Structures are given as C-alpha cells and as structure tokens.
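So the structure is just underneath, and the comments pick up after that.
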Amino acid sequence: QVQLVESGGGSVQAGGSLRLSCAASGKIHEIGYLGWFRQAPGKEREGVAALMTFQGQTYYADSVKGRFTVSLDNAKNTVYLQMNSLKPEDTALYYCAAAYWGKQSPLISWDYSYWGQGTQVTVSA
Amino acid sequence: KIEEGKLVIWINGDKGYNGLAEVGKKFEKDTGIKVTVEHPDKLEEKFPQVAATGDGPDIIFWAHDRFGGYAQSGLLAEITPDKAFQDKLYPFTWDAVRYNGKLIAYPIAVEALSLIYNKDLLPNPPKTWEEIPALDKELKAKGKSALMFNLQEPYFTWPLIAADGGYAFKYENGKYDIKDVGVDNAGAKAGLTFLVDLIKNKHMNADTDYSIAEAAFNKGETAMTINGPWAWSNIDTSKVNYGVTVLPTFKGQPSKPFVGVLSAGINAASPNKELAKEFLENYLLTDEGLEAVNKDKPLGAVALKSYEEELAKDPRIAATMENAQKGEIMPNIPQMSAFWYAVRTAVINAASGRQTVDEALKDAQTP
C-alpha cells in the first residue's frame with residue numbers, strides 16, 4: 001500500500017508564503033501522478049496543482065496559477081507545494097494524492113487512489 | 001461489527017448516490033430493510049482497512065480492477081447469480097468481475113474511450129487509422145489538424161497498440177497469466193510503429209498531453225480527439241458540434257481500449273449477504289433501478305442489456321458500449337502497476353525518438 005504522510009502546514013499572514021510537504025513510502029516507484037487538493041470549510045474539494053512524475057509536466061488550477069508551484073524531489077521521495085503570495089481564500093485543508101495511471105485531467109480528485117492527512121493552511125488578513 | 005437487518009452502501013462521491021438511495025428507499029418500502037448510501041472520502045483505500053477489521057459497508061461500488069486486490073485479501077464474498085440473471089448482463093462484463101475463476105461482484109456500468117469528432121470540420125470521420133495521414137494533410141491546409149489526443153498516458157495510446165494483437169496479461173478462464181505479457185508481440189510493434197510514424201510525418205506532436213488535446217478540440221483546432229464520457233460536459237459548454245463514434249480500425253482490427261466496469265461487491269464480513277444479493281439483483285440491476293441512479297448522475301453505458309438498449313438511443317453511449325465490447329478488460333491484478341510504468345516508459349521513449357519501437361517494447365516486456 002502506497003502511504004503518504006503530510007506536513008508543512010501553518011498559519012501565516014497574507015503576503016507570506018508556505019511550503020507543504022508529503023512523504024511517500026512503499027511501492028512508490030511506479031507512480032505517474034501526484035496532486036495537491038484542498039477543501040475549504042464546508043465546500044467541495046478542489047484540485048490545486050498536479051505533476052506528471054515522468055517528464056515533470058505541471059498542471060495548476062486558475063486560482064493558484066502563477067502563485068503555487070508543485071515540485072518533486074525524487075532522491076528524497078517527497079512532493080512539495082510551494083505556496084507563494086498567500087491570500088485569505090487560500091485557507092483550506094490541503095491534501096496530497098498519488099495515482100499510477102490516469103484517464104482524466106490530473107487536477108480531478110476522483111482519479112487518485114492514495115491520499116494524505118489534510119493540514120489546515122491558514123492565511124489571515 | 002456490521003448490524004443485521006439493514007444495508008450500508010459505499011459509493012464514490014462522483015456517482016449518483018442520491019438516485020441510488022432512491023432505489024434503497026424502494027427496497028425498504030417493500031422489505032422494511034433500511035438502506036443507507038454514503039460516499040466517504042478516500043473510499044478506495046478506506047474499504048480494505050475497514051473491511052479487514054470486520055467492519056465497513058455491506059456493499060461497495062468501485063471500478064472492477066480494484067476488486068481483484070479486495071478478493072485477494074478475502075474481503076469480498078463470492079456472489080451467486082443464477083443463469084437467468086447472468087443472461088441479463090452483457091457477457092464480457094461478467095469477465096470483469098472474476099477473480100481466480102470466481103464471481104466476486106455485480107457489474108453495473110461500462111466505460112471506455114471513444115473517437116470524438118467535430119461534425120463541422122469532419123462530417124464523416126475515418127473508419128481506419130490508416131486514413132488519418134491523408135486526412136491530416138487536408139486539414140493542415142485549412143489551419144487545422146486531423147487528430148490530437150493525450151500521448152503521455154498509456155491508457156490513451158493502448159487502443160492503437162493493442163489493435164493488431166497487443167495485450168497486457170492474457171485472460172483465460174477467469175484467471176490472468178502473469179507470465180504471458182503481450183506488449184512485445186507483432187501486434188504491439190505494428191501499433192506503436194504506426195503511432196511513431198504519425199509523429200515522424202508531423203501528423204501528431206509527441207508532447208501532446210491531456211490539457212493540450214482537450215483545449216485543441218474544444219477550441220475547434222482539431223477535427224478529432226480520443227476521450228471518455230467524463231469529457232463530454234466540457235465539450236458541451238465549448239459549443240463545438242461534436243459526435244462520438246467507434247474508434248478507427250488498424251490493419252482491419254478494432255481498436256482495443258481498456259474497459260472499466262463499475263461493480264458492486266459484497267463485504268465478506270456482511271451479515272446481510274442475502275439482503276444485498278436481493279437488493280442488487282432485484283431492485284438496482286433493473287430498468288427502474290438503473291434509471292434512478294442515471295437520472296442523478298449519468299452512468300454512461302450500463303451492463304444491463306435491457307436498459308442499455310434504451311440508453312443506446314444516445315449514439316455517444318452506443319459508441320461507448322461498442323468500443324467497450326471491442327476493448328480489453330482492465331486486468332484486476334496488482335502487476336498492472338508494473339504494466340503502466342513499463343508501457344509508459346516505452347511509449348515515451350519510442351515517441352521521443354530516444355529509442356526505436358522494437359528496442360522500446362523489448363524493455364517493457366522484461367520486468
């Protein structure tokens with residue numbers, strides 16, 4: 001079973017930044033897709049950023065495009081979500097996810113078989 | 001544990017779970033058995049954790065290929081449909097719910113890739129893959145292209161590669177042979193060779209991914225794409241006059257997309273196996289039962305012959321079922337993770353030119 005442990009969360013002020021991490025353990029070699037999703041208090045879960053692990057292509061929701069960057073350190077088995085220029089509407093519980101194959105846009109959440117714990121990034125004005 | 005005299009059903013949050021609960025209300029109205037339909041997060045992996053404890057739902061809905069691991073862990077009860085019921089579903093769908101020769105779930109719905117085409121640019125889409133080069137020449141002269149689809153993902157390139165004889169693992173009599181892999185036979189070579197030749201002759205670009213293809217079709221820039229029913233909603237809003245049809249043949253043989261069969265399995269720990277059997281066979285897998293779910297969230301093509309023949313009035317759904325019947329059931333064994341990684345590397349290496357097609361497919365077969 002592919003496992004993911006989450007970290008990096010925090011509470012900061014607007015204009016600040018944060019970096020989320022998510023450690024992958026197990027049969028993680030054949031993974032093809034890694035994504036970051038968030039769920040605001042009492043709202044839908046939203047794809048934020050996704051990465052095709054092979055040739056490193058990246059996909060971003062319009063809400064964070066140009067502010068967030070998804071990156072994978074292969075040598076360390078860890079996917080990062082760099083969250084620059086944080087806004088108050090970025091406050092949500094953030095999840096990372098993994099999948100071997102994908103029939104859909106990598107930003108759709110039903111695609112992914114494995115999931116993390118969900119940490120509360122909080123950004124205050 | 002799991003309490004008796006009622007049914008708990010787990011189904012993913014993207015499905016029509018309120019329509020399913022409406023079927024559960026009818027079951028309760030006839031039998032007094034309460035049916036509660038929930039859609040927990042992380043369902044695919046929460047079920048094995050909660051079922052291996054002896055806990056969990058009585059019924060779980062998921063793509064058939066995951067049930068293989070469930071059955072391997074002894075988490076699913078062998079089901080007992082009689083011949084009359086089995087005859088109500090398309091025969092290939094039953095093949096999708098076999099594990100080590102035993103039936104371990106009821107097929108519900110059927111999904112596969114289809115050929116999606118722009119009726120304005122192309123009122124008569126090609127029947128064969130060999131037609132596309134000349135067709136791309138015509139549309140290049142009009143500022144368009146013939147075909148754009150995701151080349152970065154084997155799921156999308158497999159219909160072509162598998163057309164003339166490729167396959168993941170050989171299926172025989174309800175079992176897969178882990179040692180018989182068909183990614184390196186003459187059929188797979190012929191198919192991937194054509195894919196690479198289309199790229200060499202500048203008819204497709206090797207870096208085309210999901211996003212590029214989807215935007216290229218939905219902006220009227222390409223006459224055709226390859227995608228599944230999950231994609232129709234974005235095309236609807238794009239105001240592109242599109243149709244959905246059978247995939248082109250290659251060497252006269254149908255394209256063989258992977259088939260996913262949404263299926264309902266029964267928890268081995270369920271003390272309500274007979275109640276679940278009755279609900280699934282006599283209420284859900286009926287015209288009225290599938291219609292209730294479909295009116296909530298469309299199921300696409302369905303395994304039930306009678307209701308599919310009604311749904312197939314939509315030619316898009318008819319095309320989905322036709323491509324499914326001509327396709328390859330996605331194997332339900334754990335070694336598929338190796339197949340994905342291997343075929344992905346080979347296609348990218350062959351399409352990139354970093355390796356010939358022969359050399360590419362010899363490496364995919366060896367681990």
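We label chains A, B, ... in the order they appear in the structure tokens, count residues from 1 in each chain, and number ligands from 1 in the order shown.
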Could you please select, counting only C-alpha atoms, the residues of chain B within 10 Å of chain A and state them as a ChimeraX atom specification? /B:12-14,41-46,66,112-113,150,152-156,207,209-211,214,227-228,230-231,336-342,344-345,348
Give me every alpha helix (DSSP H) residue in stretch 79-159 of chain B, going by DSSP on the backbone, as a ChimeraX atom specification. /B:83-86,91-95,132-140,154-159
Using only N, CA, C and O atoms, please write the residues we just selected to a file, as a JSON list (two decimals), in the first residue's frame.
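Result went into part24.json, see below:
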[["chain", "number", "residue", "atom", "x", "y", "z"],
["B", 83, "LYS", "N", -28.34, -18.53, -13.74],
["B", 83, "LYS", "CA", -28.16, -18.37, -15.18],
["B", 83, "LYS", "C", -29.09, -17.30, -15.75],
["B", 83, "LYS", "O", -28.69, -16.50, -16.59],
["B", 84, "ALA", "N", -30.35, -17.28, -15.29],
["B", 84, "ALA", "CA", -31.31, -16.32, -15.82],
["B", 84, "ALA", "C", -30.86, -14.89, -15.56],
["B", 84, "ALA", "O", -31.01, -14.02, -16.43],
["B", 85, "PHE", "N", -30.32, -14.61, -14.37],
["B", 85, "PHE", "CA", -29.85, -13.26, -14.09],
["B", 85, "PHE", "C", -28.59, -12.95, -14.88],
["B", 85, "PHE", "O", -28.47, -11.87, -15.47],
["B", 86, "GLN", "N", -27.61, -13.86, -14.87],
["B", 86, "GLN", "CA", -26.38, -13.64, -15.61],
["B", 86, "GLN", "C", -26.66, -13.30, -17.06],
["B", 86, "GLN", "O", -25.98, -12.44, -17.65],
["B", 91, "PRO", "N", -22.15, -10.42, -21.60],
["B", 91, "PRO", "CA", -21.25, -11.46, -21.09],
["B", 91, "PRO", "C", -19.87, -10.96, -20.71],
["B", 91, "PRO", "O", -19.29, -11.44, -19.73],
["B", 92, "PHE", "N", -19.31, -10.01, -21.47],
["B", 92, "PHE", "CA", -17.96, -9.54, -21.17],
["B", 92, "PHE", "C", -17.89, -8.85, -19.81],
["B", 92, "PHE", "O", -16.83, -8.85, -19.17],
["B", 93, "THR", "N", -19.00, -8.27, -19.35],
["B", 93, "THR", "CA", -18.97, -7.60, -18.06],
["B", 93, "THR", "C", -18.78, -8.60, -16.93],
["B", 93, "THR", "O", -18.12, -8.28, -15.93],
["B", 94, "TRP", "N", -19.31, -9.81, -17.07],
["B", 94, "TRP", "CA", -19.06, -10.84, -16.06],
["B", 94, "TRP", "C", -17.59, -11.23, -16.02],
["B", 94, "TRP", "O", -17.06, -11.54, -14.94],
["B", 95, "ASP", "N", -16.91, -11.21, -17.16],
["B", 95, "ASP", "CA", -15.48, -11.50, -17.17],
["B", 95, "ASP", "C", -14.70, -10.48, -16.34],
["B", 95, "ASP", "O", -13.63, -10.79, -15.83],
["B", 132, "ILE", "N", -5.85, 8.45, -41.50],
["B", 132, "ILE", "CA", -5.59, 9.73, -40.82],
["B", 132, "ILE", "C", -4.49, 10.55, -41.48],
["B", 132, "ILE", "O", -4.67, 11.78, -41.60],
["B", 133, "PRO", "N", -3.36, 9.98, -41.93],
["B", 133, "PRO", "CA", -2.33, 10.84, -42.53],
["B", 133, "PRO", "C", -2.82, 11.72, -43.67],
["B", 133, "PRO", "O", -2.58, 12.94, -43.66],
["B", 134, "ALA", "N", -3.50, 11.15, -44.67],
["B", 134, "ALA", "CA", -4.03, 11.96, -45.76],
["B", 134, "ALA", "C", -5.08, 12.94, -45.27],
["B", 134, "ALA", "O", -5.18, 14.07, -45.77],
["B", 135, "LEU", "N", -5.87, 12.54, -44.28],
["B", 135, "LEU", "CA", -6.87, 13.44, -43.71],
["B", 135, "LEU", "C", -6.20, 14.60, -42.99],
["B", 135, "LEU", "O", -6.68, 15.74, -43.05],
["B", 136, "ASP", "N", -5.08, 14.34, -42.30],
["B", 136, "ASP", "CA", -4.35, 15.43, -41.65],
["B", 136, "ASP", "C", -3.74, 16.37, -42.67],
["B", 136, "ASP", "O", -3.65, 17.58, -42.42],
["B", 137, "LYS", "N", -3.33, 15.85, -43.83],
["B", 137, "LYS", "CA", -2.81, 16.70, -44.89],
["B", 137, "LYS", "C", -3.85, 17.70, -45.35],
["B", 137, "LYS", "O", -3.55, 18.89, -45.51],
["B", 138, "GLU", "N", -5.10, 17.25, -45.52],
["B", 138, "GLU", "CA", -6.17, 18.16, -45.94],
["B", 138, "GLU", "C", -6.41, 19.24, -44.89],
["B", 138, "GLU", "O", -6.53, 20.42, -45.22],
["B", 139, "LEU", "N", -6.50, 18.84, -43.62],
["B", 139, "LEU", "CA", -6.86, 19.78, -42.57],
["B", 139, "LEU", "C", -5.70, 20.69, -42.19],
["B", 139, "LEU", "O", -5.93, 21.81, -41.70],
["B", 140, "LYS", "N", -4.47, 20.24, -42.39],
["B", 140, "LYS", "CA", -3.32, 21.13, -42.24],
["B", 140, "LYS", "C", -3.42, 22.30, -43.21],
["B", 140, "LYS", "O", -3.07, 23.44, -42.87],
["B", 154, "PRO", "N", -0.36, 5.82, -21.22],
["B", 154, "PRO", "CA", -0.62, 4.59, -21.98],
["B", 154, "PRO", "C", -2.10, 4.27, -22.15],
["B", 154, "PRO", "O", -2.50, 3.72, -23.18],
["B", 155, "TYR", "N", -2.92, 4.60, -21.14],
["B", 155, "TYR", "CA", -4.36, 4.37, -21.24],
["B", 155, "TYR", "C", -4.92, 4.92, -22.54],
["B", 155, "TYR", "O", -5.80, 4.31, -23.15],
["B", 156, "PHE", "N", -4.39, 6.05, -23.01],
["B", 156, "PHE", "CA", -4.88, 6.67, -24.23],
["B", 156, "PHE", "C", -4.26, 6.09, -25.49],
["B", 156, "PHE", "O", -4.93, 6.02, -26.53],
["B", 157, "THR", "N", -2.99, 5.67, -25.44],
["B", 157, "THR", "CA", -2.33, 5.09, -26.60],
["B", 157, "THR", "C", -2.56, 3.59, -26.73],
["B", 157, "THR", "O", -2.32, 3.04, -27.81],
["B", 158, "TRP", "N", -3.03, 2.93, -25.68],
["B", 158, "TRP", "CA", -3.22, 1.48, -25.74],
["B", 158, "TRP", "C", -4.23, 1.02, -26.79],
["B", 158, "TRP", "O", -3.99, -0.04, -27.39],
["B", 159, "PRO", "N", -5.35, 1.72, -27.06],
["B", 159, "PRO", "CA", -6.27, 1.22, -28.10],
["B", 159, "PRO", "C", -5.59, 0.94, -29.42],
["B", 159, "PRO", "O", -5.89, -0.07, -30.07]]
Could you check the closest approach to residue B:321 for each of B:111, B:221, B:197, B:358 and tell me which residue wins, using only C-alpha atoms?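 Closest residue, counting only C-alpha atoms: B:111.
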Do a neighbour search on residue B:186 at 12 Å with only C-alpha atoms, toss out local chain neighbours closer than 5 positions, and write the hits as JSON, numbers by chain. {"B": [161, 162, 163, 164, 165, 166, 167, 191, 192, 193, 357, 358, 361, 362]}
Would you put the residues from that selection into a file with N, CA and C atoms, as a PDB file, in the first residue's frame?
ATOM      1  N   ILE B 161      -2.118   0.494 -29.895  1.00  0.00           N
ATOM      2  CA  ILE B 161      -1.079  -0.519 -29.718  1.00  0.00           C
ATOM      3  C   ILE B 161      -1.693  -1.910 -29.635  1.00  0.00           C
ATOM      4  N   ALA B 162      -2.847  -2.028 -28.984  1.00  0.00           N
ATOM      5  CA  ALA B 162      -3.478  -3.326 -28.782  1.00  0.00           C
ATOM      6  C   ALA B 162      -4.294  -3.789 -29.980  1.00  0.00           C
ATOM      7  N   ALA B 163      -4.518  -2.918 -30.967  1.00  0.00           N
ATOM      8  CA  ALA B 163      -5.435  -3.221 -32.062  1.00  0.00           C
ATOM      9  C   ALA B 163      -5.078  -4.533 -32.756  1.00  0.00           C
ATOM     10  N   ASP B 164      -3.844  -4.642 -33.245  1.00  0.00           N
ATOM     11  CA  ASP B 164      -3.429  -5.769 -34.072  1.00  0.00           C
ATOM     12  C   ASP B 164      -2.843  -6.927 -33.258  1.00  0.00           C
ATOM     13  N   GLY B 165      -3.065  -6.962 -31.944  1.00  0.00           N
ATOM     14  CA  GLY B 165      -2.669  -8.134 -31.184  1.00  0.00           C
ATOM     15  C   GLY B 165      -2.032  -7.904 -29.827  1.00  0.00           C
ATOM     16  N   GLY B 166      -1.788  -6.650 -29.457  1.00  0.00           N
ATOM     17  CA  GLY B 166      -1.228  -6.371 -28.152  1.00  0.00           C
ATOM     18  C   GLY B 166      -2.205  -6.665 -27.027  1.00  0.00           C
ATOM     19  N   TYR B 167      -1.650  -6.910 -25.838  1.00  0.00           N
ATOM     20  CA  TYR B 167      -2.453  -7.118 -24.638  1.00  0.00           C
ATOM     21  C   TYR B 167      -1.558  -6.995 -23.410  1.00  0.00           C
ATOM     22  N   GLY B 191       1.390  -1.606 -33.887  1.00  0.00           N
ATOM     23  CA  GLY B 191       0.589  -0.481 -33.425  1.00  0.00           C
ATOM     24  C   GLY B 191       1.433   0.703 -32.990  1.00  0.00           C
ATOM     25  N   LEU B 192       2.455   0.451 -32.168  1.00  0.00           N
ATOM     26  CA  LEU B 192       3.318   1.543 -31.729  1.00  0.00           C
ATOM     27  C   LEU B 192       4.129   2.114 -32.886  1.00  0.00           C
ATOM     28  N   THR B 193       4.535   1.265 -33.837  1.00  0.00           N
ATOM     29  CA  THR B 193       5.206   1.750 -35.039  1.00  0.00           C
ATOM     30  C   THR B 193       4.342   2.759 -35.782  1.00  0.00           C
ATOM     31  N   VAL B 357      11.142   1.549 -31.789  1.00  0.00           N
ATOM     32  CA  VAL B 357       9.947   0.881 -31.276  1.00  0.00           C
ATOM     33  C   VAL B 357      10.283  -0.532 -30.819  1.00  0.00           C
ATOM     34  N   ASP B 358      11.047  -1.268 -31.630  1.00  0.00           N
ATOM     35  CA  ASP B 358      11.492  -2.597 -31.228  1.00  0.00           C
ATOM     36  C   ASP B 358      12.226  -2.543 -29.894  1.00  0.00           C
ATOM     37  N   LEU B 361       9.875  -1.743 -26.904  1.00  0.00           N
ATOM     38  CA  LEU B 361       8.964  -2.777 -26.431  1.00  0.00           C
ATOM     39  C   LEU B 361       9.684  -4.007 -25.889  1.00  0.00           C
ATOM     40  N   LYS B 362      10.956  -4.224 -26.250  1.00  0.00           N
ATOM     41  CA  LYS B 362      11.706  -5.311 -25.624  1.00  0.00           C
ATOM     42  C   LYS B 362      11.993  -5.010 -24.160  1.00  0.00           C
TER      43      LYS B 362
END
Between B:206, B:50, B:122, B:79, single out the one closest to residue B:352, counting only C-alpha atoms.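 The shortest atom-to-atom distance to residue B:352 comes from B:206.
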